[PDB]
Amino acid sequence: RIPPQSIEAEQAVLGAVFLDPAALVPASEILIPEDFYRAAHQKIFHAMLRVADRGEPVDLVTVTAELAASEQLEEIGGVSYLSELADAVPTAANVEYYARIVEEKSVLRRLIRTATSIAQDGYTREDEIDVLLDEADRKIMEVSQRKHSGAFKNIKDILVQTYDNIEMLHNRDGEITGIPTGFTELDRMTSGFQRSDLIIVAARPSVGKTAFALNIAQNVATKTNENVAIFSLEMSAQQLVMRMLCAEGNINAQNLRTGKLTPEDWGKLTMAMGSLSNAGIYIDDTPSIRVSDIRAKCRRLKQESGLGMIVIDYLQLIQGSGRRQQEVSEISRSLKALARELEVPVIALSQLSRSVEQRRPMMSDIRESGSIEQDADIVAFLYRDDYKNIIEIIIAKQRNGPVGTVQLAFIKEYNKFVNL
Amino acid sequence: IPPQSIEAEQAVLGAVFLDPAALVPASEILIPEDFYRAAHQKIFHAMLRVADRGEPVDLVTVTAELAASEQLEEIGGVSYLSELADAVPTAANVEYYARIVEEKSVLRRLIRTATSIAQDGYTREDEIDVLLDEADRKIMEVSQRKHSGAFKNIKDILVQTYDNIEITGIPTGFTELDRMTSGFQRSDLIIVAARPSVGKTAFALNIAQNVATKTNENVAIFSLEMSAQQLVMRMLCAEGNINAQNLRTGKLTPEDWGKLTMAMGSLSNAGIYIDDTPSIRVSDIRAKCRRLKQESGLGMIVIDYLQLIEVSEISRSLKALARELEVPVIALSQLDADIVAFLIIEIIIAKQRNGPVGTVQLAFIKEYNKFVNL
Amino acid sequence: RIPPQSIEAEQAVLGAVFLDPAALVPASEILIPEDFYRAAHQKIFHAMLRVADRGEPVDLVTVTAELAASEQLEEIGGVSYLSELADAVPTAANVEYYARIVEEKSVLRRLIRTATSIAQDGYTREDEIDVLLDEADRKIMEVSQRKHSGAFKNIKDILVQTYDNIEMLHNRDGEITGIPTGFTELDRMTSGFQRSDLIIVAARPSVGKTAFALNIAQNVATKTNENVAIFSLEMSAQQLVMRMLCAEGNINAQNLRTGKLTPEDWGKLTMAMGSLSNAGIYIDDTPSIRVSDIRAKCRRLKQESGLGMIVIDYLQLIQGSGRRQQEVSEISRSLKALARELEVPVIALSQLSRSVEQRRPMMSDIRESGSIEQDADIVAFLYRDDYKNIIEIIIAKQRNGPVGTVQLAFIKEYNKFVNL
Amino acid sequence: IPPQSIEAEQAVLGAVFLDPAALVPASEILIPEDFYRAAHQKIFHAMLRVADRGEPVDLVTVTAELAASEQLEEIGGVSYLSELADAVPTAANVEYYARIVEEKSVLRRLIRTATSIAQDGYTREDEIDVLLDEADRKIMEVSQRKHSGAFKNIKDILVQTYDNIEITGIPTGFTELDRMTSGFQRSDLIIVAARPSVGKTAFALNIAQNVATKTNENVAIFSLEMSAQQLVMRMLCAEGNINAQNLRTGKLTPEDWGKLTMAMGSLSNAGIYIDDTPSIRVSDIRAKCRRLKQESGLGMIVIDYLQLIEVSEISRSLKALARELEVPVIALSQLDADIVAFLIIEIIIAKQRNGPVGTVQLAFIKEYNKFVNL
Amino acid sequence: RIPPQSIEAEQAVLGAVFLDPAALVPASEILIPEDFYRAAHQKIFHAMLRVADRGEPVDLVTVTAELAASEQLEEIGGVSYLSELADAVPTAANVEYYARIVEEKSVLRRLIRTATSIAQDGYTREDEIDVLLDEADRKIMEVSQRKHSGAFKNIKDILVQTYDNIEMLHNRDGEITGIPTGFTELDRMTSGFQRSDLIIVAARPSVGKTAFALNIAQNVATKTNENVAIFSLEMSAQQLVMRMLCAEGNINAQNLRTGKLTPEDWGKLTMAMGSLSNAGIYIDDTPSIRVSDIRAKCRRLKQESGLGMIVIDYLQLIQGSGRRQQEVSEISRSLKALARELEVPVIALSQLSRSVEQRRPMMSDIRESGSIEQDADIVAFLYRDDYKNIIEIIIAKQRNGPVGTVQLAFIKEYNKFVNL
């Protein structure tokens with residue numbers, strides 16, 4: 001001994017049902033009474049199910065009545081005991097997780113039971129053997145096919161979601177409820193980037209995720225009265241201002257890189273600086289910050305000058321709480337908490353795995369780097385069709401609003417994204 | 001008391017001393033480890049070590065062999081070897097006694113495997129899914145097998161070879177491919193291998209469509225890379241010849257609208273059951289497929305792809321699932337199997353249990369992600 | 001202690017001589033009296049040798065007499081003791097092996113003795129050193145040059161065997177005492193493949209060993225009234241019938257592989273099937289059978305329909321008794337036992353090591369994969385001169401009959417071997 | 001009591017403290033491990049470790065060195081170092097005392113090696129042939145050596161260099177090769193290296209023939225790949241210009257018959273001793289060769305080839321055999337040595353102890369496996 | 001405990017000063033009184049320094065007086081104690097090494113002290129932390145910056161040495177005080193190779209170090225009445241005589257290698273032999289000799305016939321005293337002792353590391369193979385400008401005489417070096 005069990009989880013399942021009758025549906029889906037290790041819990045779950053099958057409300061009173069009529073009340077500890085179960089549940093909404101724990105421990109008991117049974121038969125019947133091996137095969141497989149799996153989503157139901165998506169993509173009108181992006185076509189879908197949202201922009205190297213984020217940050221700060229906080233972990237503050245000066249005044253980048261500057265390309269530079277000086281752009285070019293540092297700096301900024309957006313130049317460079325799989329999840333989770341705290345959209349750039357080439361990016365390409373998928377309420381991919389200087393912005397996830405591809409044009413010479 | 005037969009063991013070793021030829025049939029059926037007693041284990045090993053040199057096996061050569069490797073005393077000395085040699089009245093039934101020793105050995109292994117699994121149930125708690133998979137595997141690995149005893153007469157193969165050139169299964173929707181298979185037969189495990197962008201997923205979807213909208217058969221698709229949403233998007237895109245770029249980038253022309261309402265009315269009649277849960281186990285496939293057949297019907301099973309579910313176990317476990325549900329299973333792969341098919345695109349087939357081994361050819365429209373006939 | 005010894009082997013050597021006087025020749029070649037650890041055995045071996053040198057018969061009586069005259073009878077345990085030695089020999093024919101064991105243990109005692117002697121001299125004489133090291137060199141070498149080696153076979157004697165071979169190759173007439181092969185030139189030498197013989201056909205990949213074996217199996221079954229059992233472990237039953245259909249009716253193989261079939265190439269196919277249906281061909285295409293399975297199936301077949309040949313498509317694919325060097329020897333040995341049991345020729349294909357290319361195959365090329373050389377009473381190699389669609393069949397070993405090269409022509413288009 | 005000289009040891013260390021220059025001659029003759037006492041071992045090591053830095057060696061620097069590596073106390077403390085420094089009246093005879101220490105060290109090693117071999121005789125029984133080989137090797141490895149003390153005067157080398165351009169050994173049968181060697185000298189180890197199909201075996205056989213049928217010398221050939229039968233087949237095939245294909249495939253024309261009876265009458269007069277036992281040991285070569293000389297005569301020894309008999313030991317052991325039987329030994333190799341010769345075919349020679357280093361050229365007939373002059 | 005200390009070294013430092021007053025300068029440079037672990041030694045060192053600062057002679061008497069006046073004599077053990085210190089010094093000239101040992105042990109005590117102090121502060125003040133980490137950084141660095149380093153050599157001082165070198169290179173006249181080389185330009189600088197000198201000639205493979213050494217050995221033996229001992233470890237005695245026959249009589253080397261010999265090229269050979277036979281050239285072509293063997297052979301030769309030069313064909317082939325970094329140093333040191341013993345110049349060829357190519361060879365190229373730099377009183381590099389058949393002989397080190405590049409021409413055909 002002792003047989004795999006979780007009295008605590010069993011207690012929380014039954015408790016949940018007593019706090020919210022709706023908790024019984026998820027529990028009955030995952031468990032049958034016999035999954036409970038403790039006899040009293042079996043009797044109790046069975047009483048609940050019976051009451052439920054009659055279409056009668058399942059609560060402390062009807063379960064008490066049910067058990068009294070089947071002469072099982074005292075045996076399971078009485079009304080007092082039903083009370084304790086009600087106090088043993090940390091949160092009724094977590095009932096599936098408690099249920100799964102109970103189920104897991106039931107499956108293990110069946111594994112142990114059938115394995116032992118096979119071992120015993122080995123010493124006894126001795127005898128047949130060929131039948132023994134076959135039923136040993138048979139019995140072990142039966143343990144797995146027990147857990148609550150499924151279900152398959154039916155094509156009809158997806159077609160509905162698919163069509164309703166196409167509805168939203170055309171029903172697209174037209175107010176910008178969040179922070180305008182400057183890319184009117186991206187604003188149609190998003191509306192635009194909204195407060196408290198975690199926005200993830202993933203793209204393979206050379207695609208232009210950095211330029212994309214800077215263009216957005218640049219449009220917000222120069223066009224709207226809002227402040228943008230940019231964290232550049234791979235690129236210095238001057239190296240990044242160089243790129244948004246070019247983008248601003250239409251100055252050939254390579255031209256600046258080589259000193260060459262036509263007399264009027266210079267006049268072009270002074271107007272860029274003039275207009276860019278009025279913008280509320282705050283840059284932190286610290287090589288590998290932790291999320292706490294990011295958070296603290298943004299915190300001080302919002303209450304010192306006000307804050308509208310946070311842009312982080314790629315997330316895989318943020319160092320964890322210590323000195324990578326689990327580590328990235330916490331950062332992801334932390335960035336979402338950052339968004340909620342400061343009531344601001346957080347744009348975190350992400351790099352994609354080399355899977356896109358093994359096939360147009362999809363969720364599974366960041367799923368091997370997850371679980372950013374869960375935390376992000378909006379995940380965007382950048383894909384160039386020709387690797388036409390046109391680039392695609394695939395919105396793969398959006399919690400409130402449609403899913404589709406917005407299209408923009410990229411100008412290499414100025415490192416810009418323009419409308420279409 | 002662990003299953004054993006000291007008497008059977010004693011007859012085997014004894015028979016070898018009585019007639020050295022008896023070692024050949026015993027060596028066929030047994031390995032030293034099958035003997036329950038170490039002494040016998042040591043002895044049978046010595047016996048084999050001499051034959052391999054290859055010197056005659058008898059009391060002297062075996063004694064000398066055990067002594068040389070410092071284990072004559074541990075096995076009971078020359079007394080015991082002589083006891084074994086003097087007890088044996090015949091060596092004609094060596095394989096009878098050998099087979100008894102082998103059986104007891106198997107039963108011990110059965111017991112050892114099961115006990116271990118029982119013990120793991122307490123110690124690893126913690127790893128339920130890994131435990132159930134390796135317990136399946138461990139039990140399977142106890143039993144060999146065997147190959148009953150049926151030679152195939154040439155007459156029988158000839159008919160199957162003739163009929164194997166000049167549609168008894170499930171229609172693929174590709175006439176030229178239905179020629180080589182006619183079509184996708186029950187309990188077959190079909191592997192479709194390919195390189196980046198051809199594309200494997202498009203091919204899988206097309207067959208899943210052409211089966212489900214033309215036959216009253218239900219297909220169960222398991223996509224591990226793209227979501228059910230993306231999968232259905234590609235399907236109606238190919239179903240009604242709709243340009244993907246227009247579905248994605250909102251704006252649809254009225255050719256597309258009418259072309260769409262057509263494609264999803266047509267696709268609503270199928271016949272299609274999707275599961276897009278990232279990392280799935282083969283057994284999770286079985287649970288959902290068994291519950292589907294028993295409630296609805298099926299089937300054909302499409303998996304995209306198999307290196308997202310050590311591949312040998314998965315593959316073998318897939319064959320069992322196919323044979324269990326009496327339904328064809330197509331599993332894609334990136335570059336035991338019933339049919340192997342690699343990928344104007346060419347479908348090369350390398351393996352087919354009953355059908356003709358050759359090459360088919362299909363076209364591919366880039367903008368609809370659709371494969372079509374010539 | 002205790003000094004390396006084998007009283008059991010010593011007893012069997014002396015015993016052997018008492019059971020068969022001829023046993024003394026092999027024993028005296030390998031041993032001198034002093035190799036015996038036990039004094040009585042030395043005295044006894046010495047008595048035997050003395051009797052033998054007088055040209056007098058060596059048996060229990062003359063050895064007894066000899067020892068009585070040298071006053072050594074009682075000292076060695078008397079006549080009673082000579083009796084015990086006679087009961088201590090499992091088989092007189094195994095005397096060389098017993099002798100070698102005695103010799104081995106004598107050599108070890110000399111190693112121990114001289115090594116100890118060197119160690120002792122190290123502490124004593126101390127003194128000279130340079131002489132010490134030299135005599136230590138000298139003394140250790142002397143231990144090795146003691147074992148019975150040799151002898152060199154003289155060229156005169158081989159020339160005789162060589163000439164007698166050339167005699168057999170021309171004296172070749174003409175009756176086919178075994179199973180006819182269909183290749184008249186191979187039948188001259190073999191006569192043809194005979195009952196109980198283990199025939200090994202080795203060849204590098206692409207040479208055509210599989211096609212060779214199938215042609216033979218095909219000729220036997222279609223021409224003679226005999227049944228052939230074919231085990232194909234690398235190739236399926238249909239894939240193999242495809243190859244013998246082509247061979248039979250003269251159908252271009254690649255032509256079948258591509259569907260293409262000229263109207264009359266089809267009529268060619270129906271005659272092949274018709275004629276091939278009457279043949280007694282039994283195929284087992286089990287991927288990796290054990291020898292016991294092979295044996296059991298052949299066993300049932302011979303007593304159910306009768307059996308004439310067994311062909312196994314390459315031996316290195318047969319799995320051993322467990323779940324490779326020693327393992328292959330047992331399989332080899334088992335296949336020979338299979339041949340003897342069913343009184344049938346067994347043709348086991350073998351693959352050659354990549355040594356042929358490091359130089360026309362020879363015995364050493366399967367010797368690194370042995371000891372198949374010993375078990376096989378006939379070993380054949382296939383060698384193509386041009387890697388003229390002509391292929392050579394080198395018969396390297398044949399227990400009863402000549403050794404030489406038989407020549408056949410290979411037709412790629414039909415996968416056939418034809419006469420010449 | 002293990003051979004030792006505490007007094008010699010004490011003088012050596014003492015001499016070093018008395019005059020730091022004494023360390024150089026001692027360091028030439030000794031290593032720390034040669035000192036029987038650990039204390040002295042530790043001390044001599046410390047001494048060397050300071051010189052290597054390279055600081056002056058004296059009581060203070062050495063004390064500080066031992067203390068730093070936590071071993072001042074173990075070696076007896078400053079008391080002992082001072083005892084050693086105060087006892088020594090001179091350092092002029094350091095190497096006398098050093099050589100005594102070295103000798104005792106050698107004797108200990110001799111004892112340790114021999115005891116080990118004696119002990120292995122009981123424990124590994126089991127591995128006789130491996131035991132005898134490694135005992136040979138282990139004893140050889142006790143003794144170095146040395147190089148007596150003979151400078152070669154230029155006058156002496158000049159004569160050998162002059163005479164080394166413008167047939168004192170055993171004739172090869174190839175005049176142009178006999179020029180470069182004149183011919184195969186006694187006690188020489190001759191290595192003939194080559195790549196697949198040239199061929200090494202053909203070359204070896206040809207020389208074995210041309211020596212044995214033209215001289216009254218007996219050759220001992222050891223073939224590990226082809227049998228004595230195949231070896232003789234090739235020889236009479238080359239001897240009488242007979243097409244191999246005809247000997248193999250029975251049918252001989254009467255040119256071949258008369259040509260054959262000629263070749264084996266001619267080959268019967270030799271002179272040839274073959275051993276075709278698969279894996280042979282160098283010592284087994286010696287046993288058979290020693291028994292052959294002492295009974296018949298010889299010789300020349302031909303080995304085909306050496307990587308079928310770690311190669312360093314074999315090679316060295318072959319040189320000893322050559323020097324022991326006062327006979328040339330030709331060992332082939334596939335791609336310490338007296339003559340090295342790599343392979344219309346070109347014979348390149350890379351090494352020759354006394355002869356001229358150059359290149360010879362010979363023809364090769366494919367159909368007879370024979371090498372001939374130009 | 002116990003605190004790192006060296007009473008023995010402390011005693012030798014103070015002792016040294018009492019034996020040679022000059023020893024105080026090096027000691028005071030490396031140590032202050034507080035470095036001494038023993039209080040008496042501090043008091044004593046302080047007394048010495050005080051006496052010294054007054055410009056008064058530091059000896060047993062004035063230190064005694066000084067300590068008596070500061071009431072510290074008895075406390076430090078009296079005059080008797082100053083006596084003991086004087087007997088505690090193995091050699092006054094080794095005072096720097098003793099001093100360094102004392103200093104080392106002082107630095108360790110400071111490391112231990114400050115580390116402990118940091119640990120303690122960790123438990124106490126707890127409090128501030130940020131200041132703690134900074135002062136912990138600060139305090140640890142302070143331990144290192146304590147040891148006596150420096151000084152930088154000033155450019156003025158080097159310019160003087162540089163100019164004085166240029167003086168010697170032109171002031172070059174003109175007598176050959178040592179063994180003439182035959183290369184008049186190398187003789188100007190060296191004068192030439194002198195008795196007891198260890199001469200190291202290093203060069204990358206293919207440059208011609210072997211040919212260089214042979215030419216020198218050849219010139220000495222044929223021109224002067226002196227004997228040369230050549231050790232060739234990579235090349236046989238005949239293979240080496242071949243090269244000096246060619247060099248001698250002007251015979252094309254490749255011509256000899258191929259038998260080809262023009263009638264008069266042969267007459268050229270007989271004159272070479274005639275002249276070369278009178279030369280005192282002794283060659284030992286033992287593959288890998290130890291230095292003791294080299295030494296013993298040279299020893300016997302000098303007292304048997306007389307000896308003038310020793311040439312060793314590359315040093316990295318000499319095997320050590322056992323059966324490589326430390327090993328080469330001992331050989332180097334041993335070769336220098338060889339030179340001193342036999343009062344003869346020893347020319348040891350050396351191979352250079354593959355650093356020259358990573359840049360004209362310099363000292364650091366043999367420094368990674370040292371410490372041959374120290375032992376050699378003359379280190380020469382051979383460098384070819386074109387890898388003009390001209391080769392450079394860079395004399396990087398010469399104890400008595402200039403440093404520069406002597407230039408010679410190499411003739412491939414004869415394997416010779418000629419003047420210019």
# chains A, B, ... in the order shown; residues from 1 in each chain; ligands from 1
call {"tool": "interface_residues", "arguments": {"of": "chain A", "to": "chain B", "cutoff": "8 Å", "atoms": "only C-alpha atoms", "output": "PyMOL selection string"}}
result
chain A and resi 1-4+104+108-109+111-113+115-116+118-120+122-123+129+133+136-137+140-141+143-146+149-156+158-159+162+166+169-170+357-359+362-364+403-407
call {"tool": "select_by_dssp", "arguments": {"residues": "region 38-216 of chain C", "states": "helix (DSSP H, G or I)", "output": "PyMOL selection string"}}
result
chain C and resi 39-53+60-69+74-76+78-86+92-123+130-144+155-170+184-190+209-216
call {"tool": "atom_distance", "arguments": {"atom1": "CA of residue 341 (chain B)", "atom2": "CA of residue 233 (chain C)"}}
result
21.8 Å
call {"tool": "residues_around", "arguments": {"residues": "residue 345 (chain C)", "least_positions_apart": "3", "cutoff": "8 Å", "atoms": "only C-alpha atoms", "output": "PyMOL selection string"}}
result
chain C and resi 193-199+308-310+339
call {"tool": "residues_around", "arguments": {"residues": "residue 340 (chain D)", "least_positions_apart": "3", "cutoff": "8 Å", "atoms": "only C-alpha atoms", "output": "list in words"}}
result
residues 190, 191, 192, 193, 337, 349, 350, 351 and 352 of chain D
call {"tool": "residues_around", "arguments": {"residues": "residue 189 (chain B)", "least_positions_apart": "3", "cutoff": "7 Å", "atoms": "only C-alpha atoms", "output": "list in words"}}
result
residues 319, 322, 328, 329, 330, 337, 338 and 339 of chain B
call {"tool": "interface_residues", "arguments": {"of": "chain B", "to": "chain D", "cutoff": "10 Å", "atoms": "only C-alpha atoms", "output": "NGL selection string"}}
result
:B and (64-70)
call {"tool": "write_last_selection", "arguments": {"atoms": "N, CA and C atoms", "output": "PDB file, in the first residue's frame"}}
result
ATOM      1  N   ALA B  64      35.909 -29.264 -18.150  1.00  0.00           N
ATOM      2  CA  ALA B  64      37.078 -28.437 -18.372  1.00  0.00           C
ATOM      3  C   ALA B  64      36.692 -26.989 -18.649  1.00  0.00           C
ATOM      4  N   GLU B  65      35.542 -26.802 -19.301  1.00  0.00           N
ATOM      5  CA  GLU B  65      35.059 -25.471 -19.649  1.00  0.00           C
ATOM      6  C   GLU B  65      34.558 -24.716 -18.434  1.00  0.00           C
ATOM      7  N   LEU B  66      33.805 -25.403 -17.579  1.00  0.00           N
ATOM      8  CA  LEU B  66      33.297 -24.804 -16.355  1.00  0.00           C
ATOM      9  C   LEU B  66      34.436 -24.490 -15.397  1.00  0.00           C
ATOM     10  N   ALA B  67      35.365 -25.434 -15.250  1.00  0.00           N
ATOM     11  CA  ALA B  67      36.528 -25.247 -14.382  1.00  0.00           C
ATOM     12  C   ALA B  67      37.394 -24.069 -14.830  1.00  0.00           C
ATOM     13  N   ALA B  68      37.598 -23.946 -16.142  1.00  0.00           N
ATOM     14  CA  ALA B  68      38.423 -22.876 -16.721  1.00  0.00           C
ATOM     15  C   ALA B  68      37.884 -21.499 -16.396  1.00  0.00           C
ATOM     16  N   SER B  69      36.558 -21.384 -16.350  1.00  0.00           N
ATOM     17  CA  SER B  69      35.879 -20.142 -16.006  1.00  0.00           C
ATOM     18  C   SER B  69      35.413 -20.162 -14.541  1.00  0.00           C
ATOM     19  N   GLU B  70      36.161 -20.902 -13.726  1.00  0.00           N
ATOM     20  CA  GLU B  70      36.007 -20.943 -12.259  1.00  0.00           C
ATOM     21  C   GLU B  70      34.593 -21.132 -11.728  1.00  0.00           C
TER      22      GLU B  70
END
call {"tool": "residues_around", "arguments": {"residues": "residue 95 (chain E)", "least_positions_apart": "4", "cutoff": "12 Å", "atoms": "only C-alpha atoms", "output": "ChimeraX atom specification"}}
result
/D:55-56,58,60-61 /E:9-31,88-91,99-102
call {"tool": "write_last_selection", "arguments": {"atoms": "C-alpha atoms", "output": "compact mmCIF listing (two decimals), in the first residue's frame"}}
result
# COMPACT_ATOMS: atom_id res chain seq x y z
CA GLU D 55 63.57 28.73 -9.56
CA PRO D 56 66.72 27.79 -7.63
CA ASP D 58 67.59 24.66 -2.16
CA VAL D 60 63.93 26.76 1.52
CA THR D 61 62.39 26.58 -1.99
CA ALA E 9 61.58 31.56 4.05
CA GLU E 10 61.21 34.45 6.51
CA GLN E 11 64.32 33.23 8.26
CA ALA E 12 66.24 32.99 4.98
CA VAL E 13 65.27 36.59 3.97
CA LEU E 14 66.54 38.16 7.18
CA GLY E 15 69.54 35.81 7.15
CA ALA E 16 70.43 36.88 3.60
CA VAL E 17 70.58 40.54 4.65
CA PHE E 18 73.02 39.60 7.44
CA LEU E 19 75.25 37.72 4.90
CA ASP E 20 75.05 40.33 2.11
CA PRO E 21 73.70 43.83 2.91
CA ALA E 22 72.73 44.15 -0.79
CA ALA E 23 70.03 41.53 -0.16
CA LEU E 24 67.90 44.14 1.63
CA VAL E 25 67.16 46.09 -1.58
CA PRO E 26 65.39 43.16 -3.32
CA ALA E 27 63.69 42.22 -0.05
CA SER E 28 62.35 45.69 0.75
CA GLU E 29 61.05 45.98 -2.83
CA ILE E 30 58.95 42.82 -2.39
CA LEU E 31 58.08 43.04 1.35
CA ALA E 88 69.08 29.73 8.07
CA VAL E 89 69.78 30.96 4.53
CA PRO E 90 70.82 28.37 1.94
CA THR E 91 72.10 31.10 -0.44
CA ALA E 99 60.95 37.02 -0.38
CA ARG E 100 58.32 36.00 -2.93
CA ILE E 101 57.36 33.00 -0.78
CA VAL E 102 56.89 35.27 2.25
